[PDB]
Amino acid sequence: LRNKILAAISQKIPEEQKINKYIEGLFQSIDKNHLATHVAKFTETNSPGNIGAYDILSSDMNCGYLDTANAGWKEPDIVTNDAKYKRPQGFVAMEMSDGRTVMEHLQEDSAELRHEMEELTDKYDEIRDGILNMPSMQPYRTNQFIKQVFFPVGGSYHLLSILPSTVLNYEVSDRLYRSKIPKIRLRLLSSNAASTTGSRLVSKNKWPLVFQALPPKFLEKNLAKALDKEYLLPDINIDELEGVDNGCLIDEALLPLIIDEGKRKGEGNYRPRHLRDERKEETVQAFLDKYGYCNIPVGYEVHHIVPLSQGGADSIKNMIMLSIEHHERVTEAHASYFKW
Amino acid sequence: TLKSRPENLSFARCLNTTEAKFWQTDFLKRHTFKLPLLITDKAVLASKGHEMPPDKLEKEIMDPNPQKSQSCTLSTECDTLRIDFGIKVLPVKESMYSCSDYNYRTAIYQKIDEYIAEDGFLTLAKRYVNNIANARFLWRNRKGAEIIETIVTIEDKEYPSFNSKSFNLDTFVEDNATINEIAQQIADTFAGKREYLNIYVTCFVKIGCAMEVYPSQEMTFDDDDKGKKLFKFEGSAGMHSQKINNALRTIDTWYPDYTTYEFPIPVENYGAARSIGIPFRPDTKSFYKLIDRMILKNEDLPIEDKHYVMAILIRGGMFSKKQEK
Amino acid sequence: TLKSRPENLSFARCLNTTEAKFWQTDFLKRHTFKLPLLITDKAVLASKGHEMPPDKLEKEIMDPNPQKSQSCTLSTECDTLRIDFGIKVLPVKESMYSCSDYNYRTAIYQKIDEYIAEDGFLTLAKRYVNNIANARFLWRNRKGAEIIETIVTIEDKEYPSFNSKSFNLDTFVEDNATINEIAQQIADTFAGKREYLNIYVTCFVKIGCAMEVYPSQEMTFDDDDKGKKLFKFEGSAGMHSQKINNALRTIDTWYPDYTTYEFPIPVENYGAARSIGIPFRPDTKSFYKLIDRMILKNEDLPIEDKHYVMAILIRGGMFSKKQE
Amino acid sequence: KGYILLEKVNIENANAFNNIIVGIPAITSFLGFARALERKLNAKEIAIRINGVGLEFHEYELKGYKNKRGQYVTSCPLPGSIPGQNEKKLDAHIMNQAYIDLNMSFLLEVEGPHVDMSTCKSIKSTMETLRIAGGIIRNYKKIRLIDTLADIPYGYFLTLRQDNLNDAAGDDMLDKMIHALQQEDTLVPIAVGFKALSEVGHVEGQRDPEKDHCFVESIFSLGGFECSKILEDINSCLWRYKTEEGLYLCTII
DNA sequence: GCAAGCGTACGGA
DNA sequence: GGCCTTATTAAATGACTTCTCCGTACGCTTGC
């Protein structure tokens, strides 16, 4: 089995040279790769070099919060700066005849793996030692591409650099694949982009599942909610109606038009009180200013051509000023039509 | 002297634009009447007509091909598309959200003050206002309309309706009085004579009854639905904010080949313009080389190159030193 | 110079077409009177009449078969169907939606200008206007109508109506005055001598009282309702814009086998007709090889191949070439 | 002390993606916004300080659509030129991201000598220059002082739920979250803060070369929604900063 | 003469 | 206060588009 898998990946070269090529690239690549749990290149592939951390801690299992210390991630991640050193991550992930990983068989130094590898190379002891003694990835620098965030401490500010976590991303993406929780799949990374993050787990987990932390469903925006916050205006213009002057209805004869405009706009557009426009004194004042009044003239009242309860906006374009008796007549007609 | 750029120069975008809703109306009632415009699902059966190698072609050529799609159409009763969108302008100097070298920060502030003395920001502000006046933000929706009106509202003052169809998209107009006034307001905002400015734009396009309308596509990746998905904004059709902004950023006619390419392009660090397969500013004219020459070498660049550099500062972006291991 | 067709190349639809809305009417009153035509839900008890292998057949042959459906039918008072839809013609030269090589853009503009010198767009425009006059967009609704009257309106000028029964679908008429007057405006629009042209048409089909009407059916993708769903536009029945545009595109009589079939096919990249399952232009005269021969090889194609090429540019499409 | 409400602010394209979570931004995003508002006011010598924040949701729209299977699919903007070795090419790499639009009202708990309508007008003139979680403030109804829980307009506050998380089935902390969410459908996970992955120091490349620096992992927890008509103590929704020897935490006290 | 810019394999659940 | 019907059946044949979304050392070539 294993020799066929090794052969199957190594290009199209004749048999003996292609196996030796794979072992040569493997042995060269081991020193370039590191053991880690956080990977700066996961948020942005352009940050140069290895930046990441290997969090050993386990204490916080009932502190009321989740992190890579107090969640049981099972698989250690392996990371490189460059995809052309990535081969050991594939080599280690191969399954032997028992279906267990080369990692397990290496940790056991199992006689099966020793026999398999010694039939292909004498370097097996050094390959095993290198793989098992990979250094931990240590942060040593920062870049424009890492997310850098100020956090207040006692009126001073610390400068946090946020590293994403790959062990948790793999673990959560696994466990949500097998649970009913509301979840979203991110499907954005290409295979090439995922490879250049240089992680093993990110190459396995290029399209992760993640928690859908959204408000209650009734608070989703919809057209019904949106139309409830857009307001009606009348179609007539009080600056052009013969029988209106200085914003005041001067002719009685137009009253059926104002009534009909209110009816025609109002039908079915009821707004409950908490959603209605507030009648604002600023609007009435600006209306009076447009026509040069200091105050509402004696015996007149300012009316909304479309009632505010039936969708009308509190705006100059919706106001008209009526005499008290005409105001009463229009109010009575609208109350009769809308069943107030 | 300044050796090199700082490790973390970053500029926030100075000319912010919001998502636009579409509404539909009848042109003669447009001032008072509006109805929602809905994105409608429209699944489609195709023939297979894409370019195929001949050994595959003879197997595939006659097959039918279903495809999912979405499309947007005015009602049979309305005839005019309506767009409403907002803009917010912020001062250039105060938008520099980070810089890790106080010497460089001093130098860049000094050069911006020099530019405010040379121009304020009026020439750029004119070109941005002209791209509002051109109704270039309509993109494909401009390709045919009987009448177009653009109404610009600044802090509840309403300016007169531009007949936006009268402008040639290749030519910027210096002398329209309303463009000049709004451009002065914007230039005052960029120079820091005000801390902010809100501009609300309404635009009306009289297309015709039941004619098609083009909101921007979403970009989404899904296993099944490769079909066209349009941008629903609060259930009504809308335009992505970035596409309107990219319409406004088409001020640039200063790139070196311009005598052979008489059209303007989007302001970009290397003059990359997605309609043409080659960046218009590789090498010596690219933004990095110009700003380095202006600040590290203190050369007095010609005014066109200051226009371009300051236009990229208005664009905003991430401008650090080339990072190292 | 030009090594290959660009990384990206797209042409916008030049003969933009609206959805079509159905109405119902009585033919004598038709200028004054229209009612909505609705789509009625149905469900239907079929028989298992499909072809079955014998071991299945002898077990299920007699079973009933209930099915979901929808249908559209005129009222018991009206007797004519009415179709309203619009067209919006755009310039062909300014239709090129994306490119990746300014040399290629210059070359294609040069070839369109050369075509506008060799000919108008008139010879295509007359065929599109013929397919309006032919009432091909009726599709199944054309079968067995008594009289068909098509009215073309261009920005509040109404042209004298077409008696669409009189046109043999296999022939395109060159000398009808109304067809030529509409086609001149379309040709002026395609050449870029005008910025746009909105054409609205009203088509009256006298079917018969209470008879069935055939809107375009909806596509479904293994949806839980597998049964026939019909297209509703603004609640009344309608036709997809795609199906009307396809009816109008049936102008092509330049494919090579034409003298043995003598009927026009839809303008298509390979000339894949759907009513007949053999493609009429694979290989040597497929669109890709003709446009590449016209531009990359700069060869002066015969005028009928230029007609076909320009008809595909009118259709619009994606012609991007992958670069190795 | 006093309480200022920023009423029904509309946010476009808030940064919705965290390493484990898509949706509601990190709590630190909102509290950092409040701190930025404090710094802007203080630079004008208004001398206000803002000790805590209450977050009330009114509407949301995740940039995306629902599959027929009900799951959301997240939208991206087409990326522009990204700095680094490949920046010249017209096509640029697509990284993990998601964006959400929010309609939200912010309660602020305030110290100051002149907490009044003038400092509300100063907030009004200040807030136009800021962002929320990288999102753009399109509009807001009003800024006002408030005195009682009857003043807040109807909406839903977001509050911490450490109790439900600790009381969950005890196999593992991620299993505690999973079981809690599977038992209590109204609760949601949230990013709460940061854990130091390395001791405080200075390193090359800092945003500022002169403020002490840490590498950190995001801390997550479980939270839940409470109607403002059902709140009893105003303090039950006021998120505040806390620091503990290498934990950087938002919390409610 | 010395350092910056560019074409290219390299690698992979 | 009692109850909400028993059987039979859920089709066939074809199709699910093409394009872009990769960082890097290695060393060879051009510019200062």
# chains A, B, ... in the order shown; residues from 1 in each chain; ligands from 1
>>> interface_residues(of="chain B", to="chain D", cutoff="7 Å", atoms="only C-alpha atoms", output="list in words")
residues 7, 8, 18, 90, 98, 99, 100, 196, 218, 219, 220, 270, 272, 274 and 322 of chain B
>>> residues_around(residues="residue 101 (chain B)", least_positions_apart="3", cutoff="8 Å", atoms="only C-alpha atoms (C1' of nucleotides)", output="list in words")
residues 6, 7, 104 and 105 of chain B
>>> atom_distance(atom1="CA of residue 50 (chain D)", atom2="CA of residue 112 (chain D)")
8.8 Å
>>> select_by_dssp(residues="region 232-312 of chain B", states="strand (DSSP E)", output="PyMOL selection string")
chain B and resi 232-233+236-239
>>> closest_residue(among="C:74, C:223, C:39, C:301", to="chain D", atoms="only C-alpha atoms")
C:223
>>> residues_around(residues="residue 46 (chain C)", least_positions_apart="3", cutoff="12 Å", atoms="only C-alpha atoms (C1' of nucleotides)", output="JSON, numbers by chain")
{"C": [43, 49, 50, 62, 63, 64, 65, 66, 67, 68, 69], "F": [9, 10, 11]}
